[PDB]
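Asker:
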Amino acid sequence: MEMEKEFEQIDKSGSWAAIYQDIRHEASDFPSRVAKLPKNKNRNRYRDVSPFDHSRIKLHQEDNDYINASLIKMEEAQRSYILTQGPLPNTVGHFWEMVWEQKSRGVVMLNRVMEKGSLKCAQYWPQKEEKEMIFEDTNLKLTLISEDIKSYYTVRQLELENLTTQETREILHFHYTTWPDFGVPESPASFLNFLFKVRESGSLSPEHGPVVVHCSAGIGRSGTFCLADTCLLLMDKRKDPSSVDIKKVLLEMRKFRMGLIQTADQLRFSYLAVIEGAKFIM
Ligand SMILES: O=C(c1ccco1)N1CCN(C(=O)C2CC2)CC1
């Protein structure tokens, strides 16, 4: 079926939970043996969210190459994304090592450091120009260059230096700051505006390594971001945009990381975002 009318048909019939459970039942199951090794327990935020072995990002290290991060490679859309958990106190150096080694231009953050009164990820970037951060375990230096605070999101320019080679690179930090503590946003308008700002920066384009996108677990809000982006790109590429099937695209993405889209409300929000976004594109 088309999307907008399939949408109203699920609303009128109140069957979002049943649609979402079908997706959960059909989703791929692949091994995640490296994630579960005892030496990696303090590298995982949640025991039930792990990268598959076949798609995990490897750190360029011989001691321990593990990080909780996955490469989502969308062949028809010609887009790639790295989805990862919010960094932990003992993985902030690994996080920036990955950004460096994978040649990423942008980092997309969809959570606040504190939500619901609890810490959802480490404070992993510097908040003042004159107070830079050094990660001694991976030999990197990170400096805040500029910050632009808007009503729904903040964009930061960061300088990452590899202290071993003295090479430097400019990284863009795109921080969506207004996702509610509970539920999903009422309108997709600010989320779509944010997606378009990431696109306009070049961070999603083939001349760079894959964008790094995270929330707390790296599957819920993060899944919504890449699902919406890929579906809108396919609607621009195909002769028949009504042929784009958001459930099929989501199941393709779940071949590369488990659990993408965590609730039926996130599924409905993803539909809403693609529907409204397709009208603005034209
Ligand atoms: O593609 C874009 C776009 C291009 C340039 C700037 O934005 N958008 C904007 C937001 N959209 C909405 O429907 C908002 C609810 C108004 C549609 C998608």
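Following PDB author numbering, the residues of the sequence shown are numbered contiguously, the last one being 282.
All C-beta atoms in this analysis are idealised placements derived from N, C-alpha and C, irrespective of residue type, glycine included.
Determine, using beta-carbon pairs with one atom in the segment 91-103 and one in the segment 207-215, whether at least three such pairs fall under 8 Å.
Answerer: The answer is yes - the segment 207-215 touches the segment 91-103, with three or more Cβ pairs under 8 Å.
Asker: Rounded to whole angstroms, what's the CA-CA distance from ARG156 to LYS239? Just pull it up for me.
Answerer: So the two alpha carbons sit approximately 38 Å from each other.
Asker: Run through the DSSP bridge pairs and tell me what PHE174 is partnered with.
Answerer: DSSP lists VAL108, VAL155 as partners of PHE174.
Asker: Mind pulling the alpha helix (DSSP H) runs of 4 or more residues that sit fully within the segment 75-154?
Answerer: Within the segment 75-154, the complete alpha helix (DSSP H) runs of at least 4 residues are 92-101.
Asker: What number of angstroms, rounded off, separates the C-alpha of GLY14 from the C-alpha of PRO51?
Answerer: Going by the C-alpha atoms only, they are around 33 Å apart.
Asker: Helix, strand or coil for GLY209? Go by DSSP, reduced to three states.
Answerer: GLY209: strand per DSSP, three-state reduction.
Asker: If you run the structure through DSSP and keep just helix, strand and coil, what is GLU2?
Answerer: Three-state result, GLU2: coil.
Asker: So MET74 packs on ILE275, CB below 8 Å; how close in whole Å?
Answerer: Not confirmed; about 20 Å, so no contact.
Asker: My output table needs one value for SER70: the three-state DSSP class, helix, strand or coil.
Answerer: Strand, per DSSP.
Asker: What whole-angstrom Cβ distance do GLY218 and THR84 have, given they're in contact under 8 Å?
Answerer: The Cβ separation is near 5 Å, so the contact holds.
Asker: What residues does ligand 1 have around it, judged by CB closer than 7 Å to any heavy atom, in chain order?
Answerer: After applying the 7 Å Cβ criterion, the set is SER187, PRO188, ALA189, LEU192, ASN193, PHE196, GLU276, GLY277, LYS279, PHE280, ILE281.
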